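Visitor: Before we start, here is the structure in question, set down as structure tokens.
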Number of protein chains: 2
Amino acid sequence: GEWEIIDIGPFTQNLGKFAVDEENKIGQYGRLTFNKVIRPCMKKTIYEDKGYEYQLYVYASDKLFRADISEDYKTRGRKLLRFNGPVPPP
Amino acid sequence: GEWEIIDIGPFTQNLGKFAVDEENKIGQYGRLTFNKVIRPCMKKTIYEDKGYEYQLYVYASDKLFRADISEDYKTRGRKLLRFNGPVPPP
Ligand SMILES: [Mg+2]
Ligand SMILES: [Mg+2]
Ligand SMILES: [Mg+2]
Ligand SMILES: [Mg+2]
Ligand SMILES: [Mg+2]
Ligand SMILES: [Mg+2]
Ligand SMILES: [Mg+2]
Ligand SMILES: [Mg+2]
Ligand SMILES: [Mg+2]
Ligand SMILES: [Mg+2]
């Protein structure tokens with residue numbers, strides 16, 4: 001769920017050719033001849049999880065610390081981004 | 001990105017074990033003994049493009065149509081999601 005307007009260059013003209021080609025196959029609008037795509041062209045991006053970052057409060061040796069951890073979704077590898085303390089309780 | 005609060009169950013406790021284990025390797029706070037992860041725990045999600053949807057105004061046979069096209073990022077299959085018209089110029 002992210003939106004934007006994109007320019008109407010060659011990539012967008014190729015999108016219009018595909019749509020007219022596909023509609024000609026369906027036939028519900030006769031035989032159509034592609035002319036051009038005009039402004040505006042709106043584009044939605046659908047996302048998927050690449051990775052994560054966690055911010056923790058962690059007790060260690062009865063003292064409280066802040067830690068940031070990063071995690072890859074595919075390999076599940078983790079990195080310590082930050083570790084400091086003692087910090088006051090939240 | 002996108003942010004959320006998560007529960008502090010076994011997955012979050014193991015996040016704290018990782019952070020303390022890694023900090024012990026660095027050594028700046030001496031030898032630390034993991035106790036627990038406490039509230040609150042915040043989680044950020046990093047996103048990658050899964051696919052797209054394009055909303056076009058396209059001239060075909062000198063008539064103006066609205067068309068929506070989807071596009072999968074990895075397999076690159078495109079699909080015609082909608083095609084109607086004539087529509088008034090935007
Ligand atoms: Mg914009
Ligand atoms: Mg272009
Ligand atoms: Mg134009
Ligand atoms: Mg996902
Ligand atoms: Mg101890
Ligand atoms: Mg759990
Ligand atoms: Mg608690
Ligand atoms: Mg990407
Ligand atoms: Mg014609
Ligand atoms: Mg198709």
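Convention: chains lettered A, B, ... in structure tokens order; per-chain residue numbering from 1; ligands numbered from 1 as shown.
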For chain A, which residues have at least one atom within 8 Å of chain B, if we go by only C-alpha atoms? Write them as a ChimeraX atom specification, please.

Guide: /A:15-16,19-20,22-23,32-62,67,69,80,83,90

Visitor: Taking only chain B into account, list the residues labelled strand (DSSP E) by DSSP (computed from the backbone), as a VMD selection string.

Guide: chain B and resid 2 to 6 34 to 60 63 to 72 78 to 84

Visitor: According to DSSP computed on the backbone, where in chain B is there helix (DSSP H, G or I)? Give the residues as JSON, numbers by chain.

Guide: {"B": [10, 11, 12, 13, 14, 15, 16, 17, 18, 19, 20, 21, 22, 23, 24, 25, 26]}

Visitor: Return the single residue from B:24, B:7, B:14, B:76 that is closest to ligand 10, with distances computed using only C-alpha atoms and all ligand atoms.

Guide: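 The shortest atom-to-atom distance to ligand 10 comes from B:76.
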
Visitor: Pick out the residues no farther than 7 Å from ligand 6, counting only C-alpha atoms and all ligand atoms, and list them as a list in words.

Guide: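 Selection of residues at most 7 Å from ligand 6: residues 9, 10, 11 and 12 of chain B.
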